[PDB]
Amino acid sequence: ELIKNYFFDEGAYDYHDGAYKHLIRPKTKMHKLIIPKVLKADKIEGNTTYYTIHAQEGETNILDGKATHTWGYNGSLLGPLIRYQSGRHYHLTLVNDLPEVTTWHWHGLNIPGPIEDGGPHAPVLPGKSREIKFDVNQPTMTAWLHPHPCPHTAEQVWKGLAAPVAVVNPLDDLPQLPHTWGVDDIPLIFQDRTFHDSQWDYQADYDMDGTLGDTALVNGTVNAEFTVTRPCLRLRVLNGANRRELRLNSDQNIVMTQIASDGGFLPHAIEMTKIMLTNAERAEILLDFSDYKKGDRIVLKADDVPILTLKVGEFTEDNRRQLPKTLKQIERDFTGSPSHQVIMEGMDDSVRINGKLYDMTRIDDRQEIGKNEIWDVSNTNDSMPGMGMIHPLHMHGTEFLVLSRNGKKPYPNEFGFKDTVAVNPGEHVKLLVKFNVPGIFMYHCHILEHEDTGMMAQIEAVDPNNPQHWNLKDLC
Amino acid sequence: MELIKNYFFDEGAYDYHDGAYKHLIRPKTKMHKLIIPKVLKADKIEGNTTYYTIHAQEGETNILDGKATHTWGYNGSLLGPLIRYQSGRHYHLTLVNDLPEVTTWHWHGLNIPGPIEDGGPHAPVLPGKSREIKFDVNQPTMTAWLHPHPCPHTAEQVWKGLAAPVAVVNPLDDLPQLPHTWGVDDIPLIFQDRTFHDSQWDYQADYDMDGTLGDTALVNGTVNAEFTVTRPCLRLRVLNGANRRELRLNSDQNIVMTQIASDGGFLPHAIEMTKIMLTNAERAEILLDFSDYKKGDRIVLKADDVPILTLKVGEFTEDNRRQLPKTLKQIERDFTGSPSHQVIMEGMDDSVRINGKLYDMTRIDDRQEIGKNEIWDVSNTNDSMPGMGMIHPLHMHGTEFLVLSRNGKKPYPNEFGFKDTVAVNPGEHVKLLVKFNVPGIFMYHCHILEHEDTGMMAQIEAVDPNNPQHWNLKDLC
Ligand SMILES: [Cu+2]
Ligand SMILES: [Cu+2]
Ligand SMILES: [Cu+2]
Ligand SMILES: [Cu+2]
Ligand SMILES: [Cu+2]
Ligand SMILES: [Cu+2]
Ligand SMILES: [Cu+2]
Ligand SMILES: [Cu+2]
């Protein structure tokens, strides 16, 4: 009934690789946890909400010595909480104030591709800016924004470009849940970085099988501590490393109630003392500190290494509210042969999707919008422990259902919608996919060095009432 | 603890189930700034007595952005000002009539001597003439209101534009933690439905015996109302002052409403909810909190899927949040036994009848000794079969009462506090606990005003056993 173990096949974990790097608990002061500021609108005129977002340089005190040269959204590093609302329209002004081209990929949002998507087709030259419009129609969930150029996605994210996104659909939201951002409701944006005189050098730490960093960050903070002012606490976890798998445990094995995955809430909640997330996998979780006095620390650790210390303070309210046994209604009853097939293969430099690398001008698949197709994403690495690797399939422009893993029921927290799934070596994952808008989307391994090296294919979501010519140019 | 994500009353008997119901049309005008009713300044304070003058008058109000709209109003063109009382005080009121027909001043909420001070259908003020009245006030901290209650034009007159919010602060039960800065962190939300004929209100045209409905929603006589929130906590004093329309208040972002009070003062404990339903005259004081909102973000409040008020978040000047006690007000509720009174509300359209009889102004329909706690059994004999039924709100003059039971089950979560107006669903027996404090003749009537007019009104005598006053009843109607 209670889960006390990490989910994916241990034999293929990251630490088996020959160029892994353990996390080093840094000898710095416990820093206070940085909450990303809420992005105010520039104006509201109707059902349209206006947003401006500068991607810009800056210097951030992360260590207690020098500043660190960082890139960031509307800031020095990282980015603000960008709230959307299902059933609204949004005009965004994407300013580029970096010295190289960037994009704005809305990892989670189901908006037209490839321009709004912010995939490798929506470049913004330095100095220049861009405007975009899109409706939003999807469930209540946590998304995020990262650059997705070609082929420098990895470098950019490393530099410090990431930002949490919150998409509240009034129709499936639970406002019982802690919603006081910063107090009872916080992000946990896990990242791994190496410091060279308090500076991040991507070129130095680069590895084509995934760039690892010896120090863990949390919302751009190191040795982060957070004072819990309230009994319930909703963490919105996110692995935004380039490769590192996030193995989240606690030093007192506090029960984590996972209420949501990437693409919205789970049918039912899932209690567990530990959790593994691959790159870009989100998890919304609830902890309860009723049975703790004041001053008691609860350390959260990536693997062996502390990353966030939850210090119990004087509770101001009681913010515990009854939840429904069924968090969200989802039809899962769908059988039949897969009408699509994705064969992820190779490691290091052998990374390829269905034998091919990425061609920006090519369409690699087509699927009618609105229809429920079944995909078969697989991984042909060596299952023999140590030989294998865990690739996470991400798909733009859609949330999908995990139906099965090699015929068997998916892990207990995979019944809810997902836009990012882990694929173990020798595993056939069968997904149920439906595209709501039309347009060109990507599907790619979300280890960002694999993406850069061509583990990226495109799909056209076709409207049957508007066959569209796509004139797609290569940009690299 | 749970969060209420639903209205309360039986959906099968909602207003929209009427054959000739009218959906609310969002009117196509410019967003208007919400009109806050000015404070009623005293005319003089000498001692424990505060002097008040109130002219009911005509005028012309800019509601739509084209032509003016002929309105009736208290000390103004439309509606009226915030009238403040204070428990344990005496008040001399000069009620001036500057209308072209007879009106009264019914103080809906106040527990003052009937039927002259009450402003019931016995306290007419002929045009041009005026009246003076004296009364103490001794009741809890609560939101009341003033509407005209003549025979039988109560409905017409309210429609013309006669209403006013009333605030009664008893020092003994008042919570000064709560936002008290009227116009800033503390505002009314007087919901009214009206139809415009070339920017003009025609009651006669829109009249229906089963309740007059209007295609446009007003809020403090404002249309497309916006209000700038200059502060984190905001205390709305919600009031349905329509003739029939039931106010189903919801938000498109499901902001939690913490109900602190009902009609007759505060609730024992606060009640969080994302939605709420109020029948006519039912008042609800609620708290919204905008902590988790940046600046510029709109929060729409809508009546049954039609916006009525846009709360725009502005630059907070203060933090006005203050910890509230788990118990907002202590109330004895433990009271058993057989009902010593019975009210049988029956009929729709013009079948409206209390215990089989219509309204007779010269007849006393019941008697109860003051001070004592009697139990009533208000009920409704409409058809429970969905569609076929109607929700009648029982109002009683001169008293606040406690809802004990609804068909033997506990009352809705926000009905433990005192009330002067209760909804009665079809097939429902509501058992109330009532006590009159002053003596005098009071009404009890359905507060759909076109029923009150057709004659869904009965009278009760509140009898002082020690000092009876002989009652001779004459009809003006
Ligand atoms: Cu994405
Ligand atoms: Cu991504
Ligand atoms: Cu991507
Ligand atoms: Cu890969
Ligand atoms: Cu009334
Ligand atoms: Cu009354
Ligand atoms: Cu009345
Ligand atoms: Cu009635």
# chains A, B, ... in the order shown; residues from 1 in each chain; ligands from 1
>>> closest_atom_pairs(of="chain B", to="ligand 8", cutoff="10 Å", atoms="only C-alpha atoms and all ligand atoms", output="Markdown table")
| residue | atom | partner | partner_atom_place_in_ligand_line | distance |
| --- | --- | --- | --- | --- |
| B:209 | CA | ligand 8 | 1 (Cu) | 9.9 |
| B:210 | CA | ligand 8 | 1 (Cu) | 7.9 |
| B:211 | CA | ligand 8 | 1 (Cu) | 8.5 |
| B:244 | CA | ligand 8 | 1 (Cu) | 9.1 |
| B:345 | CA | ligand 8 | 1 (Cu) | 7.5 |
| B:346 | CA | ligand 8 | 1 (Cu) | 8.0 |
| B:347 | CA | ligand 8 | 1 (Cu) | 7.9 |
| B:348 | CA | ligand 8 | 1 (Cu) | 7.1 |
| B:349 | CA | ligand 8 | 1 (Cu) | 8.4 |
| B:350 | CA | ligand 8 | 1 (Cu) | 9.3 |
| B:351 | CA | ligand 8 | 1 (Cu) | 9.4 |
| B:352 | CA | ligand 8 | 1 (Cu) | 6.1 |
| B:353 | CA | ligand 8 | 1 (Cu) | 8.1 |
| B:354 | CA | ligand 8 | 1 (Cu) | 9.1 |
| B:380 | CA | ligand 8 | 1 (Cu) | 9.7 |
| B:390 | CA | ligand 8 | 1 (Cu) | 8.3 |
| B:391 | CA | ligand 8 | 1 (Cu) | 7.7 |
| B:392 | CA | ligand 8 | 1 (Cu) | 4.8 |
| B:393 | CA | ligand 8 | 1 (Cu) | 6.9 |
| B:394 | CA | ligand 8 | 1 (Cu) | 8.1 |
| B:424 | CA | ligand 8 | 1 (Cu) | 9.8 |
| B:445 | CA | ligand 8 | 1 (Cu) | 7.4 |
| B:446 | CA | ligand 8 | 1 (Cu) | 4.3 |
| B:447 | CA | ligand 8 | 1 (Cu) | 6.4 |
| B:448 | CA | ligand 8 | 1 (Cu) | 5.3 |
| B:449 | CA | ligand 8 | 1 (Cu) | 7.7 |
| B:450 | CA | ligand 8 | 1 (Cu) | 7.7 |
| B:451 | CA | ligand 8 | 1 (Cu) | 4.8 |
| B:452 | CA | ligand 8 | 1 (Cu) | 7.0 |
| B:453 | CA | ligand 8 | 1 (Cu) | 9.8 |
| B:454 | CA | ligand 8 | 1 (Cu) | 9.2 |
| B:455 | CA | ligand 8 | 1 (Cu) | 9.0 |
| B:456 | CA | ligand 8 | 1 (Cu) | 6.2 |
| B:457 | CA | ligand 8 | 1 (Cu) | 9.1 |
>>> residues_around(residues="residue 8 in chain B", least_positions_apart="6", cutoff="9 Å", atoms="only C-alpha atoms", output="number ranges by chain")
B: 276-277, 412-413
>>> write_last_selection(atoms="N, CA, C and O atoms", output="CSV table (one decimal), in the first residue's frame")
chain,number,residue,atom,x,y,z
B,276,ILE,N,-22.0,30.5,-4.1
B,276,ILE,CA,-23.0,30.7,-3.1
B,276,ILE,C,-24.3,31.2,-3.8
B,276,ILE,O,-24.2,31.8,-4.8
B,277,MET,N,-25.4,30.7,-3.2
B,277,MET,CA,-26.7,31.1,-3.7
B,277,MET,C,-27.5,31.9,-2.6
B,277,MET,O,-27.6,31.5,-1.5
B,412,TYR,N,-28.0,24.1,6.1
B,412,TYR,CA,-26.9,24.3,5.2
B,412,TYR,C,-25.7,24.9,6.0
B,412,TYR,O,-26.0,25.6,7.0
B,413,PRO,N,-24.5,24.7,5.6
B,413,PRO,CA,-23.3,25.1,6.4
B,413,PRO,C,-23.2,26.5,6.9
B,413,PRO,O,-22.6,26.8,7.9
>>> residues_near_ligand(ligand="ligand 7", cutoff="9 Å", atoms="only C-alpha atoms and all ligand atoms", output="MDAnalysis selection string")
chainID B and resid 106:108 119:121 147:149 154 395:397 442:447 449 452 457
>>> residues_near_ligand(ligand="ligand 2", cutoff="8 Å", atoms="only C-alpha atoms and all ligand atoms", output="ChimeraX atom specification")
/A:105-107,144-146,148,280,394,446
>>> interface_residues(of="chain A", to="chain B", cutoff="10 Å", atoms="only C-alpha atoms", output="PyMOL selection string")
chain A and resi 37-44+49+85+168-171+173-176+179-183+316-324
>>> residues_near_ligand(ligand="ligand 4", cutoff="12 Å", atoms="only C-alpha atoms and all ligand atoms", output="MDAnalysis selection string")
chainID A and resid 14 208:210 242:243 278:279 343:353 357 378:381 388:394 421:425 443:456
>>> closest_residue(among="B:287, B:56, B:271, B:308", to="residue 249 in chain B", atoms="only C-alpha atoms")
B:308
>>> select_by_dssp(residues="range 17-251 of chain B", states="alpha helix (DSSP H)", output="PDB file with N, CA and C atoms, in the first residue's frame")
ATOM      1  N   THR B 154     -44.838  47.630  -3.267  1.00  0.00           N
ATOM      2  CA  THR B 154     -43.504  47.358  -2.775  1.00  0.00           C
ATOM      3  C   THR B 154     -42.615  47.064  -3.970  1.00  0.00           C
ATOM      4  N   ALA B 155     -43.112  46.205  -4.866  1.00  0.00           N
ATOM      5  CA  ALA B 155     -42.329  45.737  -5.997  1.00  0.00           C
ATOM      6  C   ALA B 155     -42.005  46.891  -6.940  1.00  0.00           C
ATOM      7  N   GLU B 156     -43.044  47.609  -7.372  1.00  0.00           N
ATOM      8  CA  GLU B 156     -42.867  48.724  -8.284  1.00  0.00           C
ATOM      9  C   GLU B 156     -41.789  49.659  -7.741  1.00  0.00           C
ATOM     10  N   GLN B 157     -41.854  49.956  -6.438  1.00  0.00           N
ATOM     11  CA  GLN B 157     -41.054  51.023  -5.860  1.00  0.00           C
ATOM     12  C   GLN B 157     -39.585  50.613  -5.783  1.00  0.00           C
ATOM     13  N   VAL B 158     -39.328  49.361  -5.385  1.00  0.00           N
ATOM     14  CA  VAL B 158     -37.974  48.827  -5.352  1.00  0.00           C
ATOM     15  C   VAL B 158     -37.389  48.890  -6.761  1.00  0.00           C
ATOM     16  N   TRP B 159     -38.219  48.537  -7.754  1.00  0.00           N
ATOM     17  CA  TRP B 159     -37.826  48.520  -9.155  1.00  0.00           C
ATOM     18  C   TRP B 159     -37.434  49.915  -9.637  1.00  0.00           C
ATOM     19  N   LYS B 160     -38.182  50.929  -9.181  1.00  0.00           N
ATOM     20  CA  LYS B 160     -37.922  52.315  -9.538  1.00  0.00           C
ATOM     21  C   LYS B 160     -36.513  52.719  -9.106  1.00  0.00           C
ATOM     22  N   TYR B 203     -41.433  49.115 -15.181  1.00  0.00           N
ATOM     23  CA  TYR B 203     -41.851  48.012 -14.335  1.00  0.00           C
ATOM     24  C   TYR B 203     -43.069  47.339 -14.956  1.00  0.00           C
ATOM     25  N   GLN B 204     -44.049  48.162 -15.360  1.00  0.00           N
ATOM     26  CA  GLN B 204     -45.312  47.679 -15.895  1.00  0.00           C
ATOM     27  C   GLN B 204     -45.070  46.704 -17.051  1.00  0.00           C
ATOM     28  N   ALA B 205     -44.087  47.014 -17.908  1.00  0.00           N
ATOM     29  CA  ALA B 205     -43.814  46.225 -19.103  1.00  0.00           C
ATOM     30  C   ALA B 205     -43.292  44.841 -18.728  1.00  0.00           C
ATOM     31  N   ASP B 206     -42.336  44.813 -17.794  1.00  0.00           N
ATOM     32  CA  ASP B 206     -41.612  43.601 -17.455  1.00  0.00           C
ATOM     33  C   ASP B 206     -42.350  42.808 -16.375  1.00  0.00           C
TER      34      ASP B 206
END
>>> residues_around(residues="range 402-411 of chain B", least_positions_apart="3", cutoff="12 Å", atoms="only C-alpha atoms", output="VMD selection string")
chain B and resid 8 to 10 262 to 265 267 to 268 331 to 337 339 373 to 380 394 396 399 414 to 435
>>> write_last_selection(atoms="N, CA and C atoms", output="CSV table (one decimal), in the first residue's frame")
chain,number,residue,atom,x,y,z
B,8,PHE,N,-26.4,25.8,-2.7
B,8,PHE,CA,-26.9,25.1,-1.5
B,8,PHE,C,-28.3,24.5,-1.9
B,9,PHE,N,-29.2,25.3,-2.4
B,9,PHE,CA,-30.6,24.9,-2.4
B,9,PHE,C,-30.9,23.9,-3.5
B,10,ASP,N,-32.0,23.2,-3.4
B,10,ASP,CA,-32.4,22.2,-4.4
B,10,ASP,C,-32.5,22.8,-5.8
B,262,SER,N,-24.0,36.1,7.9
B,262,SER,CA,-25.3,36.0,7.1
B,262,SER,C,-26.1,37.2,7.3
B,263,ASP,N,-27.4,37.1,7.2
B,263,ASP,CA,-28.3,38.2,7.4
B,263,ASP,C,-28.1,38.8,8.8
B,264,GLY,N,-28.4,37.9,9.9
B,264,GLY,CA,-28.6,38.4,11.2
B,264,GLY,C,-27.4,38.4,12.1
B,265,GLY,N,-26.2,38.7,11.4
B,265,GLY,CA,-24.9,38.7,12.1
B,265,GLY,C,-24.1,37.5,11.8
B,267,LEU,N,-21.5,34.2,11.6
B,267,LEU,CA,-21.7,32.8,11.8
B,267,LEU,C,-20.8,32.3,12.9
B,268,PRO,N,-21.2,31.2,13.6
B,268,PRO,CA,-20.3,30.6,14.6
B,268,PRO,C,-18.9,30.4,14.1
B,331,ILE,N,-23.2,31.1,20.1
B,331,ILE,CA,-24.6,31.0,19.9
B,331,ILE,C,-25.1,29.7,20.6
B,332,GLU,N,-26.1,29.8,21.4
B,332,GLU,CA,-26.9,28.7,21.9
B,332,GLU,C,-27.8,28.2,20.8
B,333,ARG,N,-27.7,26.9,20.4
B,333,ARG,CA,-28.5,26.4,19.4
B,333,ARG,C,-29.4,25.2,19.9
B,334,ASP,N,-29.1,24.7,21.1
B,334,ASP,CA,-29.7,23.5,21.7
B,334,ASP,C,-31.1,23.9,22.1
B,335,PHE,N,-32.1,23.5,21.3
B,335,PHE,CA,-33.5,23.7,21.5
B,335,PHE,C,-34.4,22.7,20.8
B,336,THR,N,-35.1,21.9,21.6
B,336,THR,CA,-35.9,20.8,21.1
B,336,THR,C,-37.4,21.1,21.3
B,337,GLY,N,-38.3,20.1,20.9
B,337,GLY,CA,-39.7,20.2,21.2
B,337,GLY,C,-40.6,20.2,20.0
B,339,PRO,N,-43.2,22.2,17.4
B,339,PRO,CA,-43.4,23.6,16.9
B,339,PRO,C,-44.7,24.2,17.5
B,373,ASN,N,-38.7,31.9,23.5
B,373,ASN,CA,-38.2,31.2,22.3
B,373,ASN,C,-39.2,30.2,21.9
B,374,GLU,N,-40.0,30.5,20.8
B,374,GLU,CA,-40.9,29.6,20.2
B,374,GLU,C,-40.3,29.0,18.9
B,375,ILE,N,-40.8,27.8,18.6
B,375,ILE,CA,-40.3,27.1,17.4
B,375,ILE,C,-41.4,27.1,16.3
B,376,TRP,N,-41.1,27.5,15.1
B,376,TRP,CA,-42.0,27.6,14.0
B,376,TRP,C,-41.7,26.5,13.0
B,377,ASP,N,-42.7,26.2,12.2
B,377,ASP,CA,-42.6,25.2,11.1
B,377,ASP,C,-43.0,25.8,9.8
B,378,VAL,N,-42.1,26.6,9.2
B,378,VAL,CA,-42.3,27.1,7.8
B,378,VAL,C,-42.1,26.0,6.9
B,379,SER,N,-43.0,25.8,5.9
B,379,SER,CA,-43.0,24.8,4.9
B,379,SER,C,-43.4,25.3,3.5
B,380,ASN,N,-43.2,24.4,2.5
B,380,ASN,CA,-43.5,24.8,1.1
B,380,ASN,C,-44.1,23.6,0.4
B,394,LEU,N,-38.8,32.9,3.2
B,394,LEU,CA,-39.6,33.5,4.3
B,394,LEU,C,-38.8,34.6,5.0
B,396,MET,N,-39.2,37.5,8.2
B,396,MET,CA,-40.0,38.0,9.3
B,396,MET,C,-39.5,39.3,9.8
B,399,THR,N,-37.5,40.6,14.0
B,399,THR,CA,-36.8,39.5,14.7
B,399,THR,C,-35.7,38.9,13.8
B,414,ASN,N,-24.0,27.5,6.3
B,414,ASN,CA,-23.9,28.9,6.6
B,414,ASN,C,-25.2,29.4,7.2
B,415,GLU,N,-26.0,28.5,7.9
B,415,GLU,CA,-27.3,28.8,8.4
B,415,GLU,C,-27.4,28.6,9.9
B,416,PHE,N,-26.2,28.4,10.6
B,416,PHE,CA,-26.2,28.3,12.0
B,416,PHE,C,-26.3,29.6,12.7
B,417,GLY,N,-25.7,30.6,12.0
B,417,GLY,CA,-25.8,32.0,12.4
B,417,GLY,C,-27.3,32.5,12.3
B,418,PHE,N,-27.6,33.7,12.9
B,418,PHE,CA,-28.9,34.2,12.9
B,418,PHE,C,-29.3,34.6,11.5
B,419,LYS,N,-30.6,34.6,11.2
B,419,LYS,CA,-31.1,34.9,9.9
B,419,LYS,C,-32.5,35.6,10.1
B,420,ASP,N,-32.8,36.5,9.1
B,420,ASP,CA,-34.1,37.1,9.1
B,420,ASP,C,-34.8,36.8,7.7
B,421,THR,N,-34.2,35.9,7.0
B,421,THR,CA,-34.7,35.5,5.7
B,421,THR,C,-34.1,34.1,5.3
B,422,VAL,N,-35.0,33.1,5.1
B,422,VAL,CA,-34.6,31.8,4.8
B,422,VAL,C,-35.3,31.2,3.6
B,423,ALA,N,-34.6,30.5,2.8
B,423,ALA,CA,-35.1,29.8,1.6
B,423,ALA,C,-35.9,28.5,2.0
B,424,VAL,N,-37.0,28.3,1.4
B,424,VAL,CA,-37.8,27.1,1.6
B,424,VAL,C,-38.0,26.4,0.3
B,425,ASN,N,-37.4,25.2,0.2
B,425,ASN,CA,-37.5,24.4,-1.0
B,425,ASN,C,-38.8,23.6,-1.0
B,426,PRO,N,-39.3,23.2,-2.2
B,426,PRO,CA,-40.5,22.4,-2.3
B,426,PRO,C,-40.5,21.1,-1.6
B,427,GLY,N,-41.5,20.9,-0.7
B,427,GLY,CA,-41.6,19.7,0.1
B,427,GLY,C,-40.9,19.8,1.4
B,428,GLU,N,-40.3,21.0,1.6
B,428,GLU,CA,-39.4,21.2,2.8
B,428,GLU,C,-40.2,21.8,3.9
B,429,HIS,N,-40.0,21.2,5.1
B,429,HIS,CA,-40.4,21.7,6.4
B,429,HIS,C,-39.1,22.3,7.0
B,430,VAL,N,-39.1,23.7,7.2
B,430,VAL,CA,-38.0,24.3,7.9
B,430,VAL,C,-38.5,24.7,9.3
B,431,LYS,N,-37.8,24.2,10.4
B,431,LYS,CA,-38.1,24.4,11.7
B,431,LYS,C,-37.2,25.6,12.3
B,432,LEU,N,-37.8,26.7,12.6
B,432,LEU,CA,-37.1,27.9,13.0
B,432,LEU,C,-37.3,28.0,14.5
B,433,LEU,N,-36.3,28.8,15.2
B,433,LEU,CA,-36.4,29.2,16.5
B,433,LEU,C,-36.5,30.7,16.5
B,434,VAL,N,-37.7,31.3,17.0
B,434,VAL,CA,-38.0,32.7,16.9
B,434,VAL,C,-38.2,33.3,18.3
B,435,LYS,N,-37.7,34.5,18.5
B,435,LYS,CA,-38.0,35.3,19.7
B,435,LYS,C,-38.1,36.8,19.3
>>> select_by_dssp(residues="range 123-241 of chain B", states="strand (DSSP E or B)", output="PyMOL selection string")
chain B and resi 125+130-137+142-147+164-169+182+186-194+196+201+216-219+222+225-229+233-240
>>> residues_around(residues="residue 234 in chain A", least_positions_apart="6", cutoff="7 Å", atoms="only C-alpha atoms", output="JSON, numbers by chain")
{"A": [178, 184, 185, 186, 284, 285, 286, 287]}
>>> residues_around(residues="range 413-419 of chain A", least_positions_apart="3", cutoff="10 Å", atoms="only C-alpha atoms", output="PyMOL selection string")
chain A and resi 7+107-109+139+141+143+258-271+275+280-283+327-332+392-404+409-410+431-433
>>> residues_around(residues="residue 34 in chain B", least_positions_apart="3", cutoff="10 Å", atoms="only C-alpha atoms", output="list in words")
residues 31, 37, 183, 187, 188, 189, 219, 220, 221, 222, 223, 224, 225, 226, 227, 228, 309, 310 and 311 of chain B
>>> closest_residue(among="A:427, A:45, A:64, A:117", to="residue 376 in chain A", atoms="only C-alpha atoms")
A:427
>>> closest_residue(among="B:165, B:387, B:152, B:109", to="ligand 6", atoms="only C-alpha atoms and all ligand atoms")
B:109
>>> residues_around(residues="residue 57 in chain A", least_positions_apart="5", cutoff="10 Å", atoms="only C-alpha atoms", output="list in words")
residues 69, 70, 71, 72, 73, 74, 75, 76, 77, 97, 98, 99, 159, 160 and 161 of chain A
>>> write_last_selection(atoms="N, CA and C atoms", output="short mmCIF file (atom, residue, chain, number, x, y, z; two decimals), in the first residue's frame")
data_model
loop_
_atom_site.label_atom_id
_atom_site.label_comp_id
_atom_site.auth_asym_id
_atom_site.auth_seq_id
_atom_site.Cartn_x
_atom_site.Cartn_y
_atom_site.Cartn_z
N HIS A 69 28.13 34.60 -13.61
CA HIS A 69 27.54 35.09 -14.84
C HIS A 69 26.49 34.09 -15.31
N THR A 70 25.23 34.54 -15.36
CA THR A 70 24.10 33.67 -15.64
C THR A 70 23.24 34.29 -16.73
N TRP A 71 22.49 33.44 -17.42
CA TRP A 71 21.47 33.91 -18.34
C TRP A 71 20.15 33.64 -17.64
N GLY A 72 19.08 34.36 -17.97
CA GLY A 72 17.85 34.16 -17.24
C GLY A 72 16.70 34.95 -17.84
N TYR A 73 15.47 34.56 -17.50
CA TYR A 73 14.28 35.23 -17.98
C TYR A 73 13.89 36.33 -17.00
N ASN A 74 13.62 37.53 -17.53
CA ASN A 74 13.26 38.69 -16.73
C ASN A 74 14.07 38.74 -15.43
N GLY A 75 15.33 38.31 -15.50
CA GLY A 75 16.19 38.27 -14.33
C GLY A 75 17.62 37.89 -14.71
N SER A 76 18.43 37.61 -13.69
CA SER A 76 19.82 37.24 -13.89
C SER A 76 19.93 35.75 -14.20
N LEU A 77 19.19 34.92 -13.46
CA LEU A 77 19.16 33.49 -13.73
C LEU A 77 17.74 32.96 -13.57
N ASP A 97 17.64 39.63 -25.41
CA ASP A 97 18.70 40.51 -24.94
C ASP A 97 19.93 39.68 -24.60
N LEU A 98 20.06 38.52 -25.26
CA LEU A 98 21.25 37.69 -25.16
C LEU A 98 22.16 38.02 -26.33
N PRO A 99 23.43 37.54 -26.34
CA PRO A 99 24.31 37.70 -27.50
C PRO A 99 24.29 36.54 -28.50
N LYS A 159 23.42 27.59 -19.13
CA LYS A 159 23.77 28.97 -18.82
C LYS A 159 22.85 29.49 -17.71
N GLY A 160 21.58 29.06 -17.73
CA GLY A 160 20.65 29.40 -16.65
C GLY A 160 19.23 29.71 -17.13
N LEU A 161 18.86 29.23 -18.33
CA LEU A 161 17.57 29.56 -18.90
C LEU A 161 16.59 28.43 -18.62
#
>>> atom_distance(atom1="CA of residue 274 in chain A", atom2="CA of residue 34 in chain A")
23.7 Å
>>> closest_residue(among="B:58, B:305, B:383, B:369", to="residue 162 in chain B", atoms="only C-alpha atoms")
B:58
>>> closest_residue(among="A:23, A:55, A:302, A:212", to="residue 249 in chain A", atoms="only C-alpha atoms")
A:302
>>> closest_residue(among="B:104, B:382, B:199, B:330", to="ligand 5", atoms="only C-alpha atoms and all ligand atoms")
B:104
